[PDB]
J.: 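Handing you this structure, nothing more for now.
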Amino acid sequence: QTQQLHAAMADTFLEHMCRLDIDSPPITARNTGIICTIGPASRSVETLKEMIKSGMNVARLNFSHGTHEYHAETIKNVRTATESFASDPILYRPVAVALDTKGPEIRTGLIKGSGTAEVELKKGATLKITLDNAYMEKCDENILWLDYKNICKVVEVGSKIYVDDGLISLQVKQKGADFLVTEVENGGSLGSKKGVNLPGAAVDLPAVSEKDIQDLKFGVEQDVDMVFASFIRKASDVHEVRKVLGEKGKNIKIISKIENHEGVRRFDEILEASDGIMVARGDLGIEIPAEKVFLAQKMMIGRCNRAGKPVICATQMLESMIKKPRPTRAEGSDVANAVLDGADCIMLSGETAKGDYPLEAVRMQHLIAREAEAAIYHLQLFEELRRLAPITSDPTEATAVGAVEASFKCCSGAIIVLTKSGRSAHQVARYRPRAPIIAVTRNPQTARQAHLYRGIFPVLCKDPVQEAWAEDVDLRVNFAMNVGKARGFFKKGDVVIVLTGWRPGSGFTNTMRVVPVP
Amino acid sequence: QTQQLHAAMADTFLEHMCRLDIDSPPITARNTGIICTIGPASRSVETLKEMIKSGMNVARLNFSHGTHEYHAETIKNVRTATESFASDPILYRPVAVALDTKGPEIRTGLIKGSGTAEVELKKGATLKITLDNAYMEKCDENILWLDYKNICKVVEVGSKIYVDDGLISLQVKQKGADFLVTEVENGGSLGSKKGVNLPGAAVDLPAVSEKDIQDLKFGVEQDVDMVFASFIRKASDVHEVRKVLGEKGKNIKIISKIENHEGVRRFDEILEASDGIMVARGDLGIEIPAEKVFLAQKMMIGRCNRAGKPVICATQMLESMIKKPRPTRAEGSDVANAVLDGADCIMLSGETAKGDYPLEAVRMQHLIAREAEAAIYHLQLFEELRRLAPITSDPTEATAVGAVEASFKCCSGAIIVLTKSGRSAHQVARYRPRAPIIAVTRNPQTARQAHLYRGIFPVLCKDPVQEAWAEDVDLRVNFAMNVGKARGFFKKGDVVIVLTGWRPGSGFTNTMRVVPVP
Amino acid sequence: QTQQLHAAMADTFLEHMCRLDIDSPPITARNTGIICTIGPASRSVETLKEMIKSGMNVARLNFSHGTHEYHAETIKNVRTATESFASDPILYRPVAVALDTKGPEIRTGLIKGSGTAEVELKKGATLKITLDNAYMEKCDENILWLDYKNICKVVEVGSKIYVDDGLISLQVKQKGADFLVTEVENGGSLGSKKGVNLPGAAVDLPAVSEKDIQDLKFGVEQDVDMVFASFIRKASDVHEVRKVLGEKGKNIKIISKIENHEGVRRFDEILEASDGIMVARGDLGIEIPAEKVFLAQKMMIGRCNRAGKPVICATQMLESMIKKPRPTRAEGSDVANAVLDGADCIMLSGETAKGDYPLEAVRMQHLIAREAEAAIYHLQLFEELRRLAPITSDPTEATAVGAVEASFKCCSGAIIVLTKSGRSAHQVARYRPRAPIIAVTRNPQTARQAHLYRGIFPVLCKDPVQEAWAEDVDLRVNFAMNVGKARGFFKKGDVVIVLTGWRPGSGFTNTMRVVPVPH
Ligand SMILES: O=P(O)(O)OC[C@H]1O[C@](O)(COP(=O)(O)O)[C@@H](O)[C@@H]1O
Ligand SMILES: O=P(O)(O)OC[C@H]1O[C@](O)(COP(=O)(O)O)[C@@H](O)[C@@H]1O
Ligand SMILES: O=P(O)(O)OC[C@H]1O[C@](O)(COP(=O)(O)O)[C@@H](O)[C@@H]1O
Ligand SMILES: [K+]
Ligand SMILES: [K+]
């Protein structure tokens, strides 16, 4: 048997686990989007073509470093590689471009006037934090300057301060006007201009920094598809990002990065305002105990799935592959479990941006994701999603859930969906069918953004609009059939589900057909 | 709220995930046993005392390397460290000793008559494998000798052969009398006496090597608690191990290591014959595609949970901690997911045997395990375990399940179980209660072996047997109460479940009491 | 297989239904209490002995008719019959006595001065209702007097008024000071002193009538175990009954009869104030549309199961057996579905009080109940009861649920429970085990009242208290063992669950043992 179908039929989750079968091969289609950070290892046109062939769906640009010029050139290269495949629309894969903001930061000053010097902090010693700029280049083991002018307003006696990616830990023992007397908990080497984290604080840094405002404007100019917004703490932060993107950027998707205690606790209001979520495990695991990160990951993925909004699992998923051609067993497991949890997309950072084996890391995420998709317990998942969802008068919703149900009953090879804005295909994806969703659109931005949703394989129709609308619809259905055949999703005579609407604009999807592949 | 109790009450798994709460702190008790491989980083008496304080429950000795003398000294050191705490019976923690066999291997010959010389294998080139001993010390890029005399009987044209840690890959193109012509698929530097793996082969090497027989004899002499038996492919392999251990070794637990396709496929018969299972992910992931490992892991943990037999998750769980003081996000996730899967125990190999941060690795497994134990969806798990279990006439079974039910109903701080052999405590653990199981025994081997089962906290009663049996029972109940109080499991006036029998001797557990903590 | 155990194991309710097996015989024990109304057909000592042997657990006296002398003699007869079995305590079955009140009523006056004369009401005709006592003996087809002085305050234009057990129906067209002009909807022969119902009205008649006060006093004097209180509309009505019973009657259980729209709507507050509930389908189906009665029945049984309070299904269960030796197929089905619903007790009224086949009716309820009990889907029911239940600090609750779980795991022949007040056994019954609950008590009133809960077989221990408490406990457990053996619930070597506490006195049940039945 294939596709873990024996497991699929189990009446209990435990039996489902007992039936997982290494000799049950997956289907060809892989539903989980792969987001790859582009950097020195992966930025040439030549490598990018291979990244695409290996499974990259979204190119992430990390604006923490690099100039506008550098990023503009990366994006140019991504598009060159992407479009090199455009001559065969059956085989072309859309590739989205995501801008990931630097975001607000807290930084220390210079040790001893140097950028490279360091000092030793001993566990239990005193360290005074000063805001007084006289000390901004005279940091030492006694006096630490940092740039967050309001720090005193947001911490209390007992508060912790983490320095240099959580390497050093301090506890506030006394608060002054413009200073904090701290005791070192975890000591270590303190260097220059290090990152500061304030675990449990309501930090009042602006939603977007001066640099972020410039970067977001540049993302609009560059026609990016989505923004990963750093350090989102509250709904109003999302609103600020949306306002910066403005009218011109109104169709760019905002993915809030949840990376501290506040963001986790205010998650509901953040999700409601956002187009989707990134579980930003790197910073999140600096801010909160590392042993608690899996809780926040499963919380966020569950609530995103409940809301029907895309969620990304990010950071260190295949970390060892920076240096090695094969992942660890914990890494394999992490990727599989993220898909099992419900993540729409999984991400690579240093693995693709700077490591020695970027192609292998992409291919590995592809292999794991496809195995894990088969191992989902759809029988329980679909039951729960359908119960948790509202009853509505919305005809498109009723059509989508009916298509998903039909797809399980006939084990279809695909659900084909015509969509202008993406929405009809998003509505199908939210019910987590096993079958891949082939979303046919003429809208290039729809095609790129659809990668955010589990299961959506976007295909970009380039044909002229036919004079007879019924023929225009049939043309697009036929395109999807050719795509699925060419990509090995299904073959002639297999059964597939087709979703269309009753007239041309958006919002009329209402027709479900069960048809043999011609 | 605490212990993820809000999530505990969700009526769906999805809602359960949505309710996981980083602000809901776990209980003190940590139920998942921690097994640590001992080596140069962890073998001193001083480090071993800290390994115990940090949470080590089982010392694993890897007989792949080291003489009898070396291993005898490790065991002596573990006992010295363990017994250094014996003077306070309230606080003493039993520590088990596990012998992990080398097991059968397939090895290549010498490159240029040298041990250190190497040759380059080009992808797509020919490589002939010979059994002809004339070439046993003349391996080169054209002719590779190996020591598996039956290899021709167990591979076909099309078969793969892996060399080193799956570094090199070969595909069989022709079979001859004494030889195999292969094509190199994955090339690389081939050195001397490297490990060979035969994916998908029924390999007919002995269940136990000549050296393994010697090592098992030594394990009996050294009073080890359990054997982790390598490369178990079939029930008869387990029977061989059991026969070697013989009458003298009849109470030593046999944990079969599942590490190839055959072991996975023959899993049921192997489980039935074994005392427990190790998911040996390292070798498993060389033999089978790495992307399929999580399937085999969940299959094995599920089936072990269904059978009520201990299962260990092993290998690369916190791999990066060999070199770093903190784990990656994928590693944190791996540990959490292993416990969520149902693993009785989790394991450390190079992280404790040879790494720079053995204590931190133990502490991290402790932290994660405890968080993940709270995050289990006991509502569904208990329902499934109860349904999957038989109706029996066995009174002790009915008592155990009644105790677990009662423990959920009153949120008890513990299930206290008097047990000679461990069996009554095992029967409770198989229903996966939230509350820790304090298993009071006078039998030191029982106490050590109990670490194999999720949730059992073994405590070794040292007081003489009291003249009146009722007083003797009460004394042990009181001891358990004092252990729980001293370890912070519960406090005066909390409620606990107490299991005893109606007369002395094993097999009469039949009495369940709900008692306030005095 | 037996006891519908193959169906018991189904993974879905649909499959459970598909597995029900006419060739799978039930166990001996029957868990659903049978309440039998005693009347001319069933009041002799001799018949009462056979009613007990046939399965009667509760004798109901209907105070709608009969003098105190008549009812006292019935009660004396029930005790004589019940005590005739007392000389073997192993075999003695407690029998409860229930007083069912007449309750407040609305009655019309006399037609044409006569008690026997009648008049014809034609659909669509006018009929004026008067409260003016000048007309109390001059009811005719134009003027109907009735005795409910506040009727005008509680009905509106559009209100329906039902007369003579809902035979006739009237619709209020105009309201005056002391009158109502109505139109006849359903016509028919109107006689004298007929019962009036006010569907949908908040009727403000007293909780207890003048006759009820007398009857309750008599119930206390006669040591009855429970009162079925008529026409309960609101919690304050229950409180009034409780207050009337007072100190002397404080241990008499009050079972509220739900018999109108208001009682159904205010059900929650009524349940909370009551010891249990009767789904009084007869009057309920006069007050509300007949086609809606199964809704109110299942609502009340489900909510009583959720609260852990006894519920009785009553009225016309085996009606045709008043005249015939066998029931209809609808009646067989009604009894089985009541037990499947979750009813603690089922009831017989004219079937036992006045019909030609009282013993056959009791026997048939016994047979059907025992078949239906096996056909319950305990797998889902136990899961739901456990989930709907709180997490509790109460150790007795933890013990009860642990015992019920253990009882399913080993298919035990019984759960034996020592109880003074009944409560420990009640706590087990509320989780609906398959196995019978043998409740051992020295308290005779506990023993009789225990019949209200599904599954409890009360046994009355008559042995002296032993000097050593341990021995005293053991003696009672042994008694239970002997009872179960003699009644064919289980045999030597079977396994049974035993519940005890850690010291004497109520409230300390905390000990669950799994024990082989001794030789
Ligand atoms: O997902 P969206 O944006 O609502 O688009 C779906 C729409 O696409 C259609 O199938 C075809 O519309 P067009 O021909 O305008 O592309 C409609 O019938 C339907 O309403
Ligand atoms: O006094 P002992 O011989 O330790 O017995 C104490 C209780 O422990 C139990 O032996 C449990 O031991 P097992 O788990 O080995 O069956 C009961 O049978 C007995 O009543
Ligand atoms: O010997 P006694 O006083 O009848 O008590 C025996 C057992 O019965 C119980 O009283 C139960 O009675 P209740 O069900 O009324 O609580 C226990 O508390 C007690 O240990
Ligand atoms: K960034
Ligand atoms: K970040």
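Atom set for the values below is all heavy atoms of this structure, side chains included, hydrogens, waters and symmetry mates excluded. Lettering follows sequence order; numbering is per chain, from 1. First listed ligand is number 1; within each ligand, the first listed atom is number 1.
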J.: Any side-chain donor paired with an acceptor under 3.5 Å for C:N510 and C:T399?
T.: no
J.: Considering only NZ, NE, NH1 and NH2 on the basic side and carboxylate oxygens on the acidic side, decide whether A:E269 and A:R266 come within less than 4.0 Å.
T.: yes
J.: Mind listing the closest non-hydrogen atom pair of A:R43 and A:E73 along with its distance?
T.: NH2-OE1, 3.1 Å
J.: Any chance you could lay out the salt bridge (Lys or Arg N to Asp or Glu O under 4.0 Å) test for A:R242 and A:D275, step after step, and finish with the verdict?
T.: CA-CA 10 Å; A:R242 184 94 58 197; A:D275 305 304; 2.9 Å; yes
J.: Are the charged groups of C:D472 and C:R442 less than 4.0 angstrom apart, N to O?
T.: yes
J.: If you measure from the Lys or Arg side-chain nitrogens to the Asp or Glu carboxylate oxygens, is any gap between C:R423 and C:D394 under 4.0 Å?
T.: yes
J.: Please calculate the OD2(A:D283)-the K ion (ligand 5)-OE1(A:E259) angle and round it to 10 degrees.
T.: 90°
J.: Should the ring pair C:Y453 and C:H426 be called parallel, tilted or perpendicular, given that the plane angle runs from 0 to 90° and is split at 30 and 60?
T.: parallel
J.: Kindly determine whether A:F267 and A:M300 satisfy side chain to side chain contact (heavy atoms under 4.5 Å, CB included), including the steps that lead there.
T.: CA-CA 8 Å; A:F267 184 78; A:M300 289 186 254; 3.5 Å; yes
J.: Looking only at heavy atoms, which two atoms of C:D223 and C:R448 are closest? And how far apart?
T.: OD2-NH2, 4.0 Å
J.: Side chains of B:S333 and A:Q297: is there a donor and an acceptor less than 3.5 Å apart?
T.: no
J.: Strictly under 4.0 angstrom, heavy-atom based: which residues surround ligand 3?
T.: C:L418, C:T419, C:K420, C:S421, C:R423, C:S424, C:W469, C:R476, C:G501, C:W502, C:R503, C:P504, C:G505, C:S506, C:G507, C:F508, C:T509
J.: Give every protein N, O or S atom lying under 3.4 Å from the K ion (ligand 4), naming each by residue and atom.
T.: A:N62 OD1, A:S64 OG, A:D100 OD1, A:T101 O
